[PDB]
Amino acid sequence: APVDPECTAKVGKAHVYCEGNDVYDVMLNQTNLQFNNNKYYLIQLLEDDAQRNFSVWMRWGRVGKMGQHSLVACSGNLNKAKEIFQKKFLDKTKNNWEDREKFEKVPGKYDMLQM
């Protein structure tokens, strides 16, 4: 549910977008001790409290460290933000956002934690 604290520009001024049972916040993990992988990938779709104004927030890196990030603004174009979000999730999990109740991790890609 919460805006990711590291999103300094929007924590306070915004909330994670929801609609029914869809909630656009996800945390991905890939751990593989053989090749030295202990990394996260976080994605959020953010509506401002101020107006109907949108943005997608992505942050990634080694567990522990605060990593690097990307904020992508979408003005009032909810459809765009949803695409960007869904597409990113897909690139990193090889599952669709829509089929996440039946999530199945794939070798070589990130796994998902439930919220």
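The first residue of the shown sequence is 1; numbering continues from there.
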Practice problem: Return whichever of 59-67 and 45-53 has the greater mean Cα B factor according to the PDB record. | Solution: 45-53
Exercise. Among all modelled residues of this chain, ranked by Cα B factor, put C7 in the bottom, middle or top third, i.e. lowest, middle or highest.
Key: lowest
Quiz item: Taking the C-alpha B-factors as the PDB entry records them, is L28 in the lowest, middle or highest third of its chain?
Solution: lowest
Quiz item: Taking the entry's C-alpha B-factors for this chain, is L78 in the lowest, middle or highest third?
Solution: lowest
Quiz item: Is the Cα B-factor recorded for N38 in the lowest, middle or highest third of its chain?
Solution: middle
Quiz prompt | Third of chain Cα B-factors occupied by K92 | solution = lowest
